[PDB]
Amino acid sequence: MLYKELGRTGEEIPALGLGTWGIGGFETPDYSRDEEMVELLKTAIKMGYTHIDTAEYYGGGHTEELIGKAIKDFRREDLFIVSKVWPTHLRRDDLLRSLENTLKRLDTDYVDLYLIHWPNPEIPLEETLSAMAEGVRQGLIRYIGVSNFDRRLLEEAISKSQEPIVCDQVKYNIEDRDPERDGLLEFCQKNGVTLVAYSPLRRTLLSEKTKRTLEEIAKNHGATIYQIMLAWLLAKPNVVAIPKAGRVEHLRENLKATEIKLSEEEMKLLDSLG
């Protein structure tokens, strides 16, 4: 498991997180596979996936309840648990209520990282960030960040926040280059913000031409095209990745990707696919 520093915190986190979207349902709760999902989370954690990415929205809250059971087999302080507040809850009272309920479902006293899940232009960012700072001051949150914020909105959040914005969680993979084109990655790299890439395998939806290039590189490394997609992200300063892995084979495979060393020419070829 590769580690990288979170923001400028002097703290290192696993550079692969465990994405939990789908676990225990999608937009609504799914109870039908609870024991199997808890077992999957424990296995991921024991394998070294101690960075866990979830949200109050996941499974209508049930994802957090499944995570809450799974973590009971481990030392809370060994885990880096990330949760997120949905855009309808960014006013002060709703945000603190959401946080508290997230802590009840996770059955834990704090989250390591709390994110604005999506921006809501109707709710002033200063109100939202002050509410989050109240959570930090009460010991409910160790660090705060944002998600789905473009560069300009990240700059605005940094200007309105009493607490450091340690990360921005955005879609980034071998075909989705919005963070590059926006200056967001470069901004993060120069300002001590960790860019957390979600859908880093693009949910396995690639084109034929990307495929041809990934296949040559994977062959040379004895790897799958998905391992190369992850190695590519992880080779970039300030980039951490949150793949969803719902099976043990994928959890093992994705962990091995943290050992791939791409050459400079490989990086250049891969950069050029977008």
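The first residue of the sequence shown is number 1, and the count goes up from there.
When 205-213 is weighed against 27-35, 205-213 comes out higher, by mean CA B-factor as recorded in the entry. Checked against the record, the higher mean CA B factor of 186-194 and 109-117 lies with 186-194.
As recorded in the entry, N220 carries the highest CA temperature factor of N220, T54, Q227, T50. Based on the entry's C-alpha B-factors, the most elevated value among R151, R142, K72, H89 belongs to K72. In this PDB entry, the Cα temperature factor of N254 sits in the middle third of its chain's modelled residues. Ranked within its chain, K84 lands in the lowest third, by CA B factor from the PDB record. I242: CA B factor lies in the middle third for its chain, per the PDB record.
When all modelled residues of the chain are sorted by CA temperature factor, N101 is found within the middle third.
In the PDB entry, a CA B factor belonging to the middle third of its chain's modelled residues is recorded for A231.
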